[PDB]
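Enquirer: Below you'll find the structure I mean.
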Ligand SMILES: CCCCCCCCO[C@@H]1O[C@H](CO)[C@@H](O)[C@H](O)[C@H]1O
Ligand code: NA
Ligand code: NA
């Protein structure tokens, strides 16, 4: 079978997809989108699942979809309608945030209340440790390339450790303009480019540390750091918790201190608070979880088709794949992994998991990247932690940036 | 604490309040993402409270349609009264139209309803039961046009605004998608159609439950996993895509008549059923999905329907003591149509008129329960559902034909 469909059945769908493709007729909406994404994701998911060299553990299926889908966009295999349809689902409909919102809610409302605050105290410093590692290693390789320290921090390290595109590139160019006075484009173009390259390496290393994790069990924790109506309620909660966090980060409490708190960061606090309040009955708490499983196990391959389209512009990467950037960026990511591994080990967490959540999930392209990374190491259950790095840890990088930027001038 | 437990859409009062307060915060501060998440957040919560309210009300629940009706009317009143903000209207509309949740919803419904029907029962049903249903529609048509001409009302209106909606598969299944076909063939507003259609259809549903008890007196007097569900979602979308491709590029029109893509879908999905390409496990998966929509997300959709597809003025204008007559006689035409057709096919006239007649003019599934309870024949639920579901899919095909040639 292909995604739970007998070969004959899948062919029916596959033929349908080709008919829509060749006649160039496809609704640019949810239905048209999911139809393509389901089918396309299905075949390449299975392929990735069975390619011997290509698939290793969890990373064999999602990574395949992701990379192949981006190659379809770059190669111009997708039609403008098809790209629009997938994009309409990812961004206009904003399936990405929904997906993450459901994950966060499902992951948090599953755990004990007492265990909650035990982590968050030790996590943030581990993230700082990863940044130090990312810095130290970056400057080390940078001097090896004859590149001044300032550039390494401004154009390499800070953007990579940034909260991704919307959260880091978009605001880090703002801070750059505010401190330097120079054009935002000059910065963002270089930043967005390099950050995407590191995001690629982050997804690669996530699978590497997964193999290493199952090979050296003492480092790994194996995915641990330290009726329909119920499922329907989980979906209400996933959206409603997102709405509240949204309202807080926009109009009530956009920033606690010098740090600006992203709405996803707030959501994590909100959902965790809702858990500790015990407002949700155990049945409903499970409903959230079962819904989160439906997304993480059924719709994950669909999301990846979208991730490969919207959030991986292969053109811009190639415009900056000078050997130099490729090496520097990659080693910065390694510095993050070793930074978070050391820091987490000292804090109490498993080195493998630490390096993934506080390391790779920091160097990745924020939320889209979190999904891409966590899916490569099958530790999708850490979405809540990955988001803390991308959102709260991302907010930290801006504060650091404003400091770093001023000193360099 | 006894009352703290009372549930609103499966949520204890205290929990719902959390959400209800969140909705008001988004409303007061005027901060809401105009996307899927923002939309569903509002629609879920709003639909929840008014769904229950409509559900609890005695006379309104059983004879008007209850919660789905309460939702789509109240929601339209929010738009008219200006209670919604321009953001909130945009968010809901973005879900309904730009994201096009409507079509997905319907696509899932059609697929789940058709593929749930056993392969044998479907093709068996077609030879005898299905033609009887067609005969009931003919009867419903002929009688409707007869009364319509007696009311000085053109034949177009009688078929489009009276007969077809009544014989339709109810509200979410017939009224909602018939408005789409109407817009796709005429070009006029959906809300003009739906507001009148939904109104008359509910009235006929009332007469259908009445006549069910009449024919009863007359009768006695004159003697297994999420993956399967996921596959259902693939199929629901893919079957829609194929029907889309057909109606746009391949086979836009059989003749002078234009076949709407939803019409084609029904044929496609029914063909897919008869091919038996889908294993029974997957066929159920499609059903279990259609359930999730029909029982969880139906109330959400109605919040949308009230916003875009509801003109509360036209609904008020349609409760004229003229339409009460027209609708009622259309139902009688269905009863006599199904009685004749069934008698020729081999079935009992009383039972035929109930299953292939009244169960067609009633409000889909909710109606079947209401009708088959009035006459003690609840054991015909399996037949009643064939009319409401397969017969309801037939009505869309006929509609797509009737609409085009009439325009
Ligand atoms: C304020 C909340 C911060 C902590 C959020 C993490 C809780 C949700 O995340 C959970 O963490 C657990 C403990 O590692 C893991 O067992 C689960 O895999 C994960 O779902
Ligand atoms: Na980053
Ligand atoms: Na009906």
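Start at 1 and count along the chain as shown; that gives each residue its number.
Method on record in the header is X-ray crystallography, 3.5 Å.
Note: Cβ is positioned from N, Cα and C throughout, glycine not excepted.
So Swiss-Prot lists these for the protein:
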TRANSMEM  B:13-29  transmembrane segment
TOPO_DOM  B:30-35  topological domain 'Periplasmic'
TRANSMEM  B:36-56  transmembrane segment
TOPO_DOM  B:57-65  topological domain 'Cytoplasmic'
TRANSMEM  B:66-80  transmembrane segment
TOPO_DOM  B:81-100  topological domain 'Periplasmic'
TRANSMEM  B:101-115  transmembrane segment
TOPO_DOM  B:116-121  topological domain 'Cytoplasmic'
TRANSMEM  B:122-151  transmembrane segment
TOPO_DOM  B:152-166  topological domain 'Periplasmic'
BINDING   B:166, B:168, B:360, B:362  Na(+) binding site
INTRAMEM  B:167-174  intramembrane segment
BINDING   B:171, B:172, B:363, B:365, B:366, B:389  citrate binding site
TOPO_DOM  B:175-197  topological domain 'Periplasmic'
TRANSMEM  B:198-218  transmembrane segment
TRANSMEM  B:226-248  transmembrane segment
TOPO_DOM  B:249-260  topological domain 'Periplasmic'
TRANSMEM  B:261-276  transmembrane segment
TOPO_DOM  B:277-288  topological domain 'Cytoplasmic'
TRANSMEM  B:289-312  transmembrane segment
TOPO_DOM  B:313-320  topological domain 'Periplasmic'
TRANSMEM  B:321-342  transmembrane segment
TOPO_DOM  B:343-359  topological domain 'Cytoplasmic'
INTRAMEM  B:360-367  intramembrane segment
TOPO_DOM  B:368-377  topological domain 'Cytoplasmic'
TRANSMEM  B:378-399  transmembrane segment
TOPO_DOM  B:400-407  topological domain 'Periplasmic'
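Describe the structural context of these features.
Expert: Outside the transmembrane segment (B:13-29), and at least 6 residues removed from its termini, the chain residues within Cβ reach (under 8 Å) are 3-7, 38, 41-42, 44-46, 48-49, 85, 88.
Here the topological domain 'Periplasmic' (B:30-35) has long-range neighbours at 41-42, 85, 87-88, 90-91, 94-95, 99, meaning same-chain residues at least 6 beyond its ends whose C-beta is under 8 angstroms from one of its own.
Cβ atoms under 8 Å from those of the transmembrane segment (B:36-56) belong to residues 8-9, 11, 16, 19-20, 22-23, 26, 66-71, 74-75, 88, 91-92, 94-95, 99, 101, 299-304 of the same chain, restricted to positions at least 6 beyond its ends.
Proximity of distant same-chain residues to the topological domain 'Cytoplasmic' (B:57-65), defined by a Cβ-Cβ separation under 8 Å and at least 6 residues beyond the stretch ends, is recorded for 171, 202, 205-206, 209, 363, 366, 370.
Within its own chain, the topological domain 'Periplasmic' (B:81-100) has Cβ neighbours under 8 Å at 27, 30, 32-36, 38-40, 42-43, 303-305, 307-308, counting only residues six or more beyond its boundaries.
For the transmembrane segment (B:101-115), same-chain residues at least 6 beyond its ends with a Cβ under 8 Å from one of its own Cβ atoms are 36, 95, 122, 172-173, 176-177, 180, 232-233, 235-237, 239-240, 262, 265-266, 269-270, 272-273, 278, 282-283, 286-291, 293-294, 297, 301, 304, 389-390, 392-393.
Mapped onto DSSP helix, strand and coil, the topological domain 'Cytoplasmic' (B:116-121) counts 4 helix, 0 strand, 2 coil.
Long-range contacts of the transmembrane segment (B:122-151) within the same chain, counting only residues at least 6 positions beyond its ends with a Cβ under 8 Å from a Cβ of the stretch, are 114, 157-159, 162-163, 166-167, 270, 273-274, 322, 325-326, 329-338, 340-342, 344-347, 352-353, 355-357, 360-361, 383, 386-387, 390-391, 394-395, 398.
For the topological domain 'Periplasmic' (B:152-166), same-chain residues at least 6 beyond its ends with a Cβ under 8 Å from one of its own Cβ atoms are 137, 140-141, 144-145, 174-175, 178, 182, 193, 196-198, 200-201, 204, 323, 326-327, 330-331, 334, 361, 395, 398-399, 402-403, 406.
Annotation for residue B:360 (Na(+) binding site): same-chain Cβ neighbours under 8 Å, separated by at least 6 residues, are B:133, B:136, B:137, B:140, B:167, B:334, B:338, B:387, B:388, B:391, B:392. DSSP classifies residue B:360 (Na(+) binding site) as helix under the three-state reduction.
With a 10 A radius on its CB, residue B:363 (citrate binding site) counts 31 other CB atoms from all the protein chains.
Long-range contacts of the transmembrane segment (B:198-218) within the same chain: residues 63-65, 69, 72, 161-162, 165-166, 168, 170-171, 174-175, 314-315, 318-319, 323-324, 326-328, 330-332, 335, 350, 353-354, 358-359, 361-363, 367, 370-372, 374-377, each at least 6 residues beyond the stretch ends and with a Cβ under 8 Å from a Cβ of the stretch.
Sequence-distant neighbours of the transmembrane segment (B:226-248) (same chain, 6+ residues past either end, Cβ-Cβ under 8 Å): 103-104, 107-108, 110-112, 115, 259-265, 267-269, 272, 278, 281-282, 284-290, 292.
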Enquirer: Rounded to a whole number, what is the Cα-Cα distance in Å spanning the 24-residue gap between residue B:223 and residue B:224?
Expert: 45
Enquirer: Please list, for the topological domain 'Periplasmic' (B:81-100), how many residues fall into helix, strand and coil according to DSSP.
Expert: 13 helix, 0 strand, 7 coil
Enquirer: Consider each pair of residues in B:171, B:172, B:363, B:365, B:366, B:389, all listed by the record as binding citrate, and report the largest Cα separation in Å as a whole number.
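Expert: Result: 12 Å between the two most distant Cα atoms.
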Enquirer: Take the Cβ of residue B:172 (citrate binding site) and count every other Cβ within 10 Å, whichever protein chain it belongs to.
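Expert: 23, counting other Cβ atoms within 10 Å of residue B:172 (citrate binding site).
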Enquirer: Using Cα coordinates, what distance in whole Å links residue B:362 (Na(+) binding site) and residue B:171 (citrate binding site)?
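Expert: If we compare the Cα positions of residue B:362 (Na(+) binding site) and residue B:171 (citrate binding site), the gap is 10 Å.
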Enquirer: So which binding-site residues out of B:168, B:171, B:362, B:365, B:366, B:389 are up against ligand 3, CB under 6 A?
Expert: B:168, B:362
Enquirer: Other than its close neighbours in sequence, what residues sit by the topological domain 'Periplasmic' (B:249-260), given a CB gap under 8 Å and a spacing of at least six beyond its ends?
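Expert: Sequence-distant neighbours of the topological domain 'Periplasmic' (B:249-260): 180-181, 184-185, 396-397, 399-401, 403-405.
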Enquirer: What are the sequence-distant neighbours of residue B:389 (citrate binding site), meaning same chain, six or more residues apart, C-beta distance under 8 angstroms?
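Expert: Residue B:389 (citrate binding site) has long-range Cβ partners B:113, B:114, B:116, B:117, B:169, B:173.
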Enquirer: Let me check the 10 A CB neighbour count of residue B:362 (Na(+) binding site). How many other CB atoms are there?
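Expert: I get 32 for this one.
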